[PDB]
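Trainee:
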Ligand SMILES: Nc1ncnc2c1ncn2[C@@H]1O[C@H](COP(=O)(O)OP(=O)(O)O)[C@@H](O)[C@H]1O
Ligand SMILES: Nc1ncnc2c1ncn2[C@@H]1O[C@H](COP(=O)(O)O)[C@@H](O)[C@H]1O
Ligand SMILES: [Mg+2]
Ligand SMILES: [Mg+2]
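In the entry's author numbering, the protein residues as written are 8 to 242.
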């Protein structure tokens, strides 16, 4: 590790340290690009990526009664109990990775969860900076889910077409195998999009009333959408 390489690390470090702190919510149906954009901000703004889906799939891996309960709810495309998710969010929000800021990706998924989050932020003396809505049509989301591949250890997201890996079905960093999410099966994605429309769509109006909603056109390329999000934050 050279002096030039050492000084260049500092340049990179001082670029994200100089970025504003932020506490945002990414709202949008599965395949909208929430996880993609959360990984971008984690790199550019050092914001914590709080994914309830990731935390619950992790909880679903445990060979306990609670584990089977979560695994079966997840695989059916339905929502886990509000009290359970709240405890996971309350715990991750305490971690030191959330001091610069965070991205809530997958939470809140209903009006009740939005109220719990509100009470939790009030009691913890922390405030949301915005709620980004990933506006993308249903037809687009179908293809987005179909081609999705993830590297389970890192949570890096790929798409067979829109974001392909260097070598098929292998991670770009570790060259380790990729996986298809069990909930990305055609029939359960249909149930997931239904749950979104019924339980999560009223949050658009809820956060618009709270004057926190920021509309995004999530159908644009990922690198273009990244700049648009960064523009709302740093601008
Ligand atoms: N702007 C985009 N345009 C085209 N494909 C995208 C875009 N953003 C993400 N993708 C791909 O489509 C799928 C969306 O994944 P993801 O970001 O995890 O959505 P979500 O987190 O909302 O479920 C992934 O396979 C990803 O590689
Ligand atoms: N906020 C939440 N409330 C309840 N269940 C959730 C929540 N987030 C994720 N889950 C469960 O885990 C899945 C993960 O979805 P995703 O957010 O797309 O990773 C969902 O389909 C639900 O089964
Ligand atoms: Mg599957
Ligand atoms: Mg702005």
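Cβ coordinates follow ideal geometry from the N, Cα and C atoms, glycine included.
#1: Just checking residue 175 against ligand 1 - is the residue's beta carbon closer than 7 Å to any of the ligand's heavy atoms?
#2: Give the list of continuous alpha helix (DSSP H) stretches no shorter than 4 residues that lie fully inside the stretch 11–66.
#3: Mind checking who residue 163 pairs with in its DSSP beta bridge?
#4: Is the beta carbon of residue 82 within less than 7 Å of some heavy atom of ligand 3?
#5: Can you tell me which of the three DSSP states residue 74 falls into?
#6: Kindly provide the ranges of any beta strand (DSSP E) runs that are 3 or more residues long and lie completely inside the stretch 97–147, ordered along the chain.
#7: What's the gap between the Cα of residue 83 and the Cα of residue 105?
#8: Using the Cα positions of residue 218 and residue 33, report the straight-line distance between them to the nearest angstrom.
#9: Compute the distance between the beta-carbons of residue 56 and residue 39, then report whether it is under 8 Å.
#10: For residue 95 and residue 133, which I take to be in contact (beta-carbon distance under 8 Å), what is that distance rounded to the nearest angstrom?
#11: Are the CB atoms of residue 121 and residue 31 within a distance shorter than 8 Å?
#12: By the three-class DSSP mapping on this structure, what secondary structure does residue 81 have?
#13: Give the single residue among 144, 239, 150 whose Cα lies nearest to the Cα of residue 225.
#14: Closest by CA to residue 156, which one among 179, 136, 135?
#15: Which of helix, strand or coil does DSSP assign to residue 192?
#16: Confirm, please, whether the CB-CB distance from residue 42 to residue 136 is below 8 Å.
#17: Is the closest heavy atom of ligand 2 to the C-beta of residue 209 under 7 Å?
#18: I'd like to confirm something about residue 116: is its beta-carbon nearer than 7 Å to some heavy atom of ligand 3, or not?
Mentor: Taking the definition as stated:
#1: Stepping through the chain shown from its first residue, residue 175 is reached at position 168. The answer is no for residue 175.
#2: Every unbroken stretch of the alpha helix (DSSP H) spanning 4 or more residues and falling wholly within the stretch 11–66 is given here in chain order: 41–51, 59–66.
#3: What you label residue 163 is simply residue 156 of the chain shown in a count that begins at 1. Answer is 158.
#4: Position 75 of the chain shown, counted from the start, is the residue given in the question as residue 82. Distances between the C-beta of residue 82 and the heavy atoms of ligand 3 are all 7 Å or more.
#5: Taking the first residue of the chain shown as 1, we reach residue 74 at position 67. Of the three classes helix, strand and coil, the one that applies to residue 74 here is helix, per DSSP.
#6: Listed in chain order, they are 108–112, 137–142.
#7: Here residue 83 refers to the residue found at position 76 of the chain shown. Here residue 105 refers to the residue found at position 98 of the chain shown. CA-CA distance, residue 83 to residue 105, rounds to 31 Å.
#8: For the purposes of this step, residue 218 is taken as residue 211 along the chain shown, with counting starting at 1. For the purposes of this step, residue 33 is taken as residue 26 along the chain shown, with counting starting at 1. Between residue 218 and residue 33, the C-alpha separation is close to 15 Å.
#9: Walking along the chain shown from the start, residue 56 turns up at place 49. Walking along the chain shown from the start, residue 39 turns up at place 32. Cβ atoms of residue 56 and residue 39: not closer than 8 Å.
#10: The residue given as residue 95 occupies position 88 in the chain shown. The residue given as residue 133 occupies position 126 in the chain shown. 17 Å between Cβ atoms; not a contact.
#11: Locating residue 31 in the chain shown gives position 24, where the first residue counts as 1. Locating residue 121 in the chain shown gives position 114, where the first residue counts as 1. No, Cβ-Cβ distance for residue 31 and residue 121 is not below 8 Å.
#12: Reading the chain shown from its first residue, position 74 is the one you call residue 81. In the three-state scheme derived from DSSP, where H, G and I count as helix and E and B as strand, residue 81 is classed as helix.
#13: Along the chain shown, read from residue 1 onward, the residue named residue 225 stands at position 218. Closest by alpha carbon: 144.
#14: Taking the first residue of the chain shown as 1, we reach residue 156 at position 149. Distance from the Cα of residue 156 is smallest, within the candidate group 179, 136, 135, for 179.
#15: Within the chain shown, residue 192 is the residue found at index 185, counting from 1. Annotated three-state conformation of residue 192 is coil, per DSSP.
#16: Position 129 of the chain shown, counted from the start, is the residue given in the question as residue 136. Position 35 of the chain shown, counted from the start, is the residue given in the question as residue 42. No. Outside cutoff.
#17: Here the question's residue 209 lines up with position 202 in the chain shown. For residue 209, the distance from the CB to the nearest heavy atom of ligand 2 is not below 7 Å.
#18: Position 109 of the chain shown holds residue 116. No - ligand 3 has no heavy atom lying nearer than 7 Å to the Cβ of residue 116.
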